[PDB]
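*Asks:* Below you'll find the structure I mean.
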Amino acid sequence: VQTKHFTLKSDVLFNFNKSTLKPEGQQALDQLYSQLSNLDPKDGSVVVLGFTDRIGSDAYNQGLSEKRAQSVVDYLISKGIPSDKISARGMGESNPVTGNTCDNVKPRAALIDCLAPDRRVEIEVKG
Amino acid sequence: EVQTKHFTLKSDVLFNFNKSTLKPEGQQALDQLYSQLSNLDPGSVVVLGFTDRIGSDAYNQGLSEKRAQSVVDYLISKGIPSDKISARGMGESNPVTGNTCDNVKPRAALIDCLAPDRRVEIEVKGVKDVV
């Protein structure tokens, strides 16, 4: 089994608290799909995971992350990924890539900036 | 299970126009990357440099090599062992913009349209730990 893992910035794909792909988001997914289409495997699978930062309501962040992941999957299916070979999952605030690095960044705007790497969609491709 | 994790960095942030020396903002972006890399449990790293299709292909190939090497040199300085990372210039090959920019004018507009092509890709390859 060999995966390839990719990451896209949620701040690019979506507006603040929204889950509709922006034009910039579609373009980012077009560019990724261009890369993914360079291989023609017999079979494979794609897993799309949405993540938020640790700020705000966890129930709201879970819901938002799931809708974001779904919007990405729906678009990628539109581009050509077969619907039964791709799945979406919202992971909410879990598994931050910033780990404990932003733990003591106090001022709200500075913390939001420090947490930016956590606001992301991860795409795992198996072939 | 062998897994490759891919990271993409905008060349326009890392480097000034036509230069291969990291800007301070490039070092800061690589510091952020290194933090995340240092949490991936070991492994090897390839750094790919890409340009847009403007100008000499020989020149673009050389510029892409120097940019990739600059990134590698700095990542080693952060703690990536020297024997586990390498640089590769890709010049103008393998663009991500498709045909999207094919008929774009004027020139300033074209440089903007091709921006996603100007990038450094970092591939971290490793084995899933098990027993």
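What follows is calculated from the coordinates using simple rules that are stated; it is not laboratory data. Heads up, the Cβs are rebuilt from the backbone with ideal geometry, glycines too, and the neighbour counts pull from every protein chain shown.
*Asks:* Out of all the residues in the stretch A:51-65, which are away from every other protein chain (no Cβ under 14 Å) and hydrophobic (A, V, I, L, M, F, W, C)?
*Replies:* Looking only at the stretch A:51-65, we keep the residues that are away from every other protein chain (no Cβ under 14 Å), and these are A:52-65.
A:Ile55, A:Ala59, A:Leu64 - these are the residues of the stretch A:51-65 that are away from every other protein chain (no Cβ under 14 Å) and hydrophobic (A, V, I, L, M, F, W, C).
*Asks:* Say whether the condition of being at negative phi, touching a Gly at 6+ places or on another chain (Cβ under 8 Å), surrounded by fewer than 20 Cβ atoms within 10 Å (Cβ to Cβ) and not polar (S, T, N, Q) is met by at least one residue in the stretch A:14-28. Talk me through it step by step, then tell me what you get.
*Replies:* First, pick out the residues of the stretch A:14-28 that are at negative phi: A:14-16, A:18-28.
Checking which are touching a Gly at 6+ places or on another chain (Cβ under 8 Å) leaves us with A:14.
Okay, now just the ones that are also surrounded by fewer than 20 Cβ atoms within 10 Å (Cβ to Cβ), so none.
So far as the stretch A:14-28 goes, no, none of its residues is at negative phi, touching a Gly at 6+ places or on another chain (Cβ under 8 Å), surrounded by fewer than 20 Cβ atoms within 10 Å (Cβ to Cβ) and not polar (S, T, N, Q).
*Asks:* Right, here's the next one. Does the stretch B:35-48 contain any residue that is touching an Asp or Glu at 6+ places or on another chain (Cβ under 8 Å) and more than 28 Å from A:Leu115 (Cα to Cα)?
*Replies:* no
*Asks:* What's the number of the condition B:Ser64 fails, among (1) exposed (fewer than 14 other Cβ atoms within 10 Å of the Cβ); (2) over 26 Å from A:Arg120 (Cα atoms)?
*Replies:* (1)
*Asks:* Is there a residue being surrounded by 15 or more Cβ atoms within 10 Å (Cβ to Cβ), in contact with an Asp or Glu (Cβ under 9 Å, 6 or more places away or on another chain) and closer than 25 Å to B:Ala29 by Cβ anywhere in the stretch A:84-91?
*Replies:* yes
*Asks:* I'm checking my understanding of the structure. Among residues of the stretch A:79-123 that are part of a loop (DSSP other than H, G, I, E, B) and small (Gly, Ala, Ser), which one is nearest to the chain's Cα centre (by Cα)? Spell out the reasoning first.
*Replies:* Taking the stretch A:79-123 first, the residues part of a loop (DSSP other than H, G, I, E, B) are A:80-82, A:91-107, A:115, A:119.
With the extra rule that they be small (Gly, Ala, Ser), the set shrinks to A:80, A:92, A:94, A:99.
Values: A:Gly80: 18, A:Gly92: 11, A:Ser94: 13, A:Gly99: 17 Å.
Ranking the candidates gives A:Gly92 first.
*Asks:* Filter the stretch A:1-50 down to the residues that are hydrophobic (A, V, I, L, M, F, W, C), part of a strand (DSSP E or B) and away from chain B (no Cβ under 13 Å) and list them by number. Steps first, answer last, please.
*Replies:* The initial filter retains those residues of the stretch A:1-50 that are hydrophobic (A, V, I, L, M, F, W, C), namely A:1, A:6, A:8, A:12-14, A:16, A:21, A:28-29, A:32, A:36, A:39, A:46-49.
Of the ones still in play, those that are also part of a strand (DSSP E or B) are A:6, A:8, A:46-49.
Within the stretch A:1-50, A:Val46, A:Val48, A:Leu49 meet the criteria.
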